[PDB]
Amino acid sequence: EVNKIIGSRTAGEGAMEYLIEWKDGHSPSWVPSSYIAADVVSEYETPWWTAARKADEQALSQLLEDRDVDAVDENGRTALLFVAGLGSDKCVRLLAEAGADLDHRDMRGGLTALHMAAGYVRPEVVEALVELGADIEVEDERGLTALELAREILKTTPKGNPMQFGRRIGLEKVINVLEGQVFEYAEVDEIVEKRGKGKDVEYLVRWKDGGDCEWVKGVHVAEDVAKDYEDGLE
């Protein structure tokens, strides 16, 4: 009766349907996962989950001719979440190309691919994730955005040797790639008031483009416009 599987497709919610081909001979038809043999499903998906958990790009390239890329595992992780935590910017760029849901959320912890690239410390990956338009703002079960995460871990990286080093670099590169997304450096019209003293000086800032004035730490301002201010003071 049933010959082989040839396609997947998300029906309902995290529920699956496969495209079957036939030995009795008739035109290939869609059919619920709940309605088809274990191994025959397993035989279509295992080559897939192997490929991913080892970030095999070539393989993945082929196993996609007609496949629903956002298939989940036991913990609601899609293929993408894997290649992300492994640090394969090349894979990630490929599955993105395949329309994968960048903003997908797992069900053990509530994470996205950027929570993986973050946690697993893959900069060049995040780089790409953001390039292709991911949303950095997505929180998880712990309420953490991806950035707050890189902040937290780097709190607790070791300071031992050049092994424990490329770790610290990593978190910084991520934490800065991410910052360069939350934070712009917009030009100042005027600097209205001065608070704090010496170095911990905090300046009240008027924006050229519009809207409120706001206390920027004296660090997060320009040495050229901070001077222009305390000169008008004298």
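From 1 onward, residues are counted along the sequence shown.
- Note on 19-27 vs 216-224: mean CA B-factor is higher in 19-27.
- In this crystal structure, the stretch out of 155-163 and 116-124 whose C-alpha atoms carry the higher mean B factor is 155-163.
- Comparing the listed residues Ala51, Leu204, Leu178, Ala37, the entry records the largest Cα B-factor for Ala37.
- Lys90: CA B factor in the lowest third of modelled residues in this chain (values from the PDB entry).
- Looking at the C-alpha B-factors along this chain, the one for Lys208 belongs to the middle third.
- When all modelled residues of the chain are sorted by CA temperature factor, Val174 is found within the lowest third.
- Ranked by Cα temperature factor within the chain, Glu137 sits in the highest third according to the deposited record.
- In the deposited entry, the Cα temperature factor of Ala55 sits in the bottom third of values across the chain's modelled residues.
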